[PDB]
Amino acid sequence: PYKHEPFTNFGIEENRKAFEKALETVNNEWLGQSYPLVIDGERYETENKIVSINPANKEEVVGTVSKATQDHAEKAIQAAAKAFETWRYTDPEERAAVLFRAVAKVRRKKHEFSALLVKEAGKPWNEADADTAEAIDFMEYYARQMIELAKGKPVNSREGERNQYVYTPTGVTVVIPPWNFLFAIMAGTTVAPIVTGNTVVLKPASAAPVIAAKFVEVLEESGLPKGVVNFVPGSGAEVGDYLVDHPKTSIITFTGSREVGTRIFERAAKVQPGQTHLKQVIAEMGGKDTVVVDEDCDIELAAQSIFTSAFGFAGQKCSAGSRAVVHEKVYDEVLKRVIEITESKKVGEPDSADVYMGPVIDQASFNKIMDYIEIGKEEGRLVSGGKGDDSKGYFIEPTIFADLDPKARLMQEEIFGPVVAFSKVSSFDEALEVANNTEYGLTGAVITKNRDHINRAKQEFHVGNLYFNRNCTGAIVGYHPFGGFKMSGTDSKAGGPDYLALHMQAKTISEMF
């Protein structure tokens, strides 16, 4: 019985005023508060801290969170291990219930959760609203999915026996979510194991730990027993490796970079002394996403599709289309039109609805993107943006490079910033060739009036999320399941039908009479 959370229409004055009301509530009350580690229901504070800043205004502290060590991580694993022993026998109805009232708490404070993402992550108003609505969706949808899974799957029974095929919970689950989709993905990859009866150690992205802290609190208020959820933000150097390596860790659910995910996949397979199981890794490892524009297309749609793909949340999306692969017949026109839409938009602090683009997340991220913009001048032609300054916030203009070789670094490597790369092709055959030439297979868009080309792409464009005559940054839970092939990870389709069963192990029960 599921339909998605409607986005806030920011054209109505009645909606615009409520968000304005909510942002000053966050500005004055929610901000600058202090958040401890949470292990087995107990609050741990350290003298050493992670300081969360407003990326649009680098000297406004959003909050200061305690930083965990290898000892705190050790205690978190045991907390979750011990808590698993009872939580795994909890009625699926009473696990889905924790999610249902956690939804209700988030829906009540919808605009102020959104306003915190604005503050902590530098998210524009529509983007921050979409993240919260998507967080709501995950919880609603995974609650309902567990109810359905508790019915089991039918198998054949011979005359004189009763055969049952059911799902059981697995073990301790290390959750490592990213900074970019700070709410939704972290809400989804946290609630999915918990509703399926597993116990969680949550290592939120240190680039944004206040939302996760606020979310952990929401789950404690929702009926979670001590140790089911554990909050341990810290260094991937000390804490991260330790959680992955631990003998009692059963599953790691990871969303982030390819280089980190590769390390995790490799490390988790190594059966440690005292380990009595094989570790499962669920990994979404970003992408390098492609908008194919055919010879015969709606040009306006092609341009609007490239634009939103490239510059939704300053290009800092796993799904972000940093690649424009465009037919020679329409090349110069589509490029002309993309430049017009791009530089008509306003980049600044998201203190109003009309700001389409905010800043990047931090200094390290600012540097990397700025290091990549230099590479684009050596490899292509700068036709828009390329300017950035980190003096008030980490602000970089939406950047467009043209005339790229299909094998250029800018056409191959994840940038996670407001950058597109244009490449001209001379047929649809060559367009799929270049579209398929990266190490990734997350998302892809095709813009075409040609029916044969749609049908061909359905078989031949090798991405997990394939789109026709629209942008490649859709991903709505229950409508478009999300996950990719190749180096985009293990293709675990978040917000689809198969995802909860990935956290569970099947049990066959048979009684001979």
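Quick note: we count residues from 1 along the sequence shown, nothing fancier.
Higher average CA B factor: 404 to 412, of the stretches 404 to 412 and 301 to 309. Of the two segments examined, 277 to 285 and 313 to 321, it is 313 to 321 that shows the higher average Cα temperature factor in the deposited entry. Comparing the listed residues 422, 84, 167, 394, the entry records the largest Cα B-factor for 394. If you compare the C-alpha temperature factors of 373, 128, 146, 191 in the entry, 373 comes out highest. In the deposited entry, the Cα temperature factor of residue 465 places it in the lowest third of its chain's modelled residues. Residue-level temperature factors show residue 473 in the highest third of its chain, judged at the C-alpha atom. Sort the modelled residues of the chain by CA B factor and residue 106 lands in the middle third.
Among the modelled residues of its chain, residue 364 has a C-alpha B-factor that falls in the highest third according to the deposited record.
Among the modelled residues of its chain, residue 494 has a C-alpha B-factor that falls in the middle third, as given in the PDB entry.
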